[PDB]
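**Student:** First piece of the complex, coordinates kept as in the full assembly:
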Amino acid sequence: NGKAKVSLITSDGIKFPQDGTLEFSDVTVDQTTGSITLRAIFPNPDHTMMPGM
């Protein structure tokens, strides 16, 4: 299990009910950023996630 947990404080400041799966590790450096940006896919049974936020 080196596939890490991830959690959220949703914009209300409330933390998302259940954690989510940190998917992969990108090797990407955004030239203006230093961005290590990853993706942890998250379950959304109630559709509260509303992507793009």
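**Tutor:** Everything's here; your move. Numbering: from 1, shown residues only, chains lettered A, B, ... in the order given.
**Student:** and the residue positioned nearest the centre of chain A, what does it touch?
**Tutor:** In chain A, the centroid-proximal residue (CA atoms, centre = their mean) is residue A:40; its distance is 4.2 Å. Under the criterion of CB atoms under 8 Å, 6 or more residues apart in numbering, the neighbours of residue A:40 are A:4, A:6, A:20, A:21, A:22, A:23. For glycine as for every other residue, the C-beta is placed from the backbone atoms N, C-alpha and C.
**Student:** Residue A:49 too?
**Tutor:** By CB under 8 Å, 6+ apart, the residues touching residue A:49 are A:16, A:42.
**Student:** now do residue A:22
**Tutor:** Residues near residue A:22 by CB under 8 Å, 6+ apart: A:3, A:4, A:5, A:6, A:38, A:39, A:40.
**Student:** Put this one in as chain B:
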Amino acid sequence: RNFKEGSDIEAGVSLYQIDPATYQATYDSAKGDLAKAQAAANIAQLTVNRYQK
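**Tutor:** So, slotting chain B in with the rest:
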């Protein structure tokens, strides 16, 4: 997608399989022609062999 994003990929490896509707179809195209192309030479060689004898 053929892959786990962020993962490590081999060269020449299928990543995204695209719709081969027109293509697999298209592939059929030359196929018959090949089938038909060879057909002509078939007779021709069939003839030549005879003429040889």
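**Student:** returning to what we had before: how close does the residue nearest to the centre of chain A get to chain B?
**Tutor:** When CB to the nearest CB, to the nearest Å is the yardstick, residue A:40 and chain B sit 11 Å from each other.
**Student:** Name the SS class of residue B:50, please.
**Tutor:** Under DSSP: H, G, I helix; E, B strand; the rest coil, residue B:50 falls in the helix class.
**Student:** Now residue A:21: phi and psi?
**Tutor:** Dihedral angles phi and psi of residue A:21 (degrees, to the nearest 10) take the values phi -80, psi 120.
**Student:** Which strand residues bridge the closest residue to chain B within chain A?
**Tutor:** For chain A and chain B, the shortest gap (CB to the nearest CB) falls at residue A:24, measuring 2.4 Å. Legend: beta-bridge partners of residue A:24 under DSSP bridges are residue A:39.
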